[PDB]
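Bear in mind that the values in this text are calculations on the coordinates, not laboratory data. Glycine also receives a Cβ, built like all others from the backbone with ideal geometry; neighbour counts cover every protein chain displayed.
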């Protein structure tokens, strides 16, 4: 059923986790986490949710842990040349090639969102759709207090509820505090996606945009509300949908997995997959 | 769902592969494999069987890979002190500890079987039951070309082996390619040098000079055409018939988990049923 691979790229190694088994005329669900998380902390709560298993049975689910961000990853040396956000997306075709994966339905959060997008623009042939959670297509004391600051809204983060401290502990303990610095640094070094909404008559600016179907997701109480909204205005509305989730801030995948599973289903039905929908 | 771990022991690292998540009370099914195999080669065919998924979903399955037997394991150095079978069995307690596992239900093949049994004698509090496939409790007595040819003989009966069926060739290629040929020899060496299990059937009249025997429920499994049959039968004779059962699988030889898995799943169900697990049959 499952298998974990350590795949050799030209930008070093990337640790993946295949769950389920795919068919040759059916795609794979590739996942990519945000800064401070891994495939387990980021997605597994959402992915092991009851409503998802009905979906996931039909499509094999592959979870990509970023370089040094996989659990039990050794510390990267001090002067290691950590792959840049753009380079990370350069490492994604090999992952598909290694596992003879013809195409994916991407699911990414924040940095994972950006990296899946870059990849989708670089290789739109290999990407069929994108769920882009809390995506920011523009550029930007304690590293842990910085990532929780990116993840959750001040009210929510200040309130330090069970979620806040739970994931505060994950970041702290689960993820390499050396490799996490280099992955944060990388994300922080990200350039503008430089995607503009197309015009039917004629384009005022010759800017490429996502050809594949896109579901943008952001909590009302998310700090990424403006950034996901910018992105939407810069994306082809014929292929894009914007979901603003109520009573939700950081990690809407875990905060509201019920609401998000329903949308992913509606989204997937739209492409032609899970037509029966139980 | 699944997770791999490279677990530090005092006898070095041991590779393991956890699928599902277990609670405190219910025990986590533990596998240990034979020489020239790994958890993948040995168990995943059997474990991924239809009828098993019904049982295995309900229990967690920690697949242990032997030192330097896990896929993509680097060659050990020339003079590397490779853990003895007893030392291999001492690596198990730290694994339960590392994964906050309370107890296990062991499944072992060949070396796998012996290692779990040494563990079960060391720590009866940790084992609730054992299924032992093609186990040999007695010392080899063959101290001395190609480990692969050696290993094939070990796993498959001469009559079976003479035919050269798809399984003999399939597993002949697996032993060659799957395993680092440096580390295999050492694991083969380590298994061959094994000592007598020192089990003796008790007598009900009076204590049999404080005889030492397994205290957990046991199911010994062997194919009719297996070369291990009289070793397993000896083992059985040396064990408590009250807490033991011997399963002779008809029209079957080496690797019964791979061959006739439906039958073994059914047997393995009844085994689990005896413990008080799986109240209703699937």
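Remarks
- Residue A:166 meets the stated requirement of being in a helix (DSSP H, G or I) and out of contact with any strand residue (DSSP E or B) (no Cβ under 6 Å at 6 or more places or on another chain).
- Single unsatisfied condition, residue A:106 versus (1) over 24 Å from residue A:210 (Cα atoms); (2) touching a helix residue (DSSP H, G or I) at 6+ places or on another chain (Cβ under 6 Å): (1)
- Entry remark, segment B:142-163: residues being farther than 14 Å from residue B:34 by Cα and either within 18 Å of the chain's Cα centre (by Cα) or part of a helix (DSSP H, G or I) (or both) number 7 in total.
- Of all residues in segment A:78-102, those satisfying the criterion of being away from every other protein chain (no Cβ under 14 Å), in contact with a strand residue (DSSP E or B) (Cβ under 8 Å, 6 or more places away or on another chain) and surrounded by fewer than 18 Cβ atoms within 10 Å (Cβ to Cβ) are A:94, A:99.
- Hey, residue B:115 away from chain A (no Cβ under 14 Å), closer than 21 Å to residue B:172 by Cβ and assigned to a helix (DSSP H, G or I) or not: no
- Yes/no for residue A:75 being closer than 24 Å to residue A:146 by Cβ, out of contact with any strand residue (DSSP E or B) (no Cβ under 9 Å at 6 or more places or on another chain) and within 14 Å of chain B (Cβ to nearest Cβ): no
- Qualifying residue in segment A:172-180 (condition: out of contact with any strand residue (DSSP E or B) (no Cβ under 8 Å at 6 or more places or on another chain), part of a helix (DSSP H, G or I) and within 21 Å of residue A:211 (Cα to Cα)): no
- Residue A:171 being in contact with a helix residue (DSSP H, G or I) (Cβ under 6 Å, 6 or more places away or on another chain) and farther than 30 Å from residue A:266 by Cα: yes
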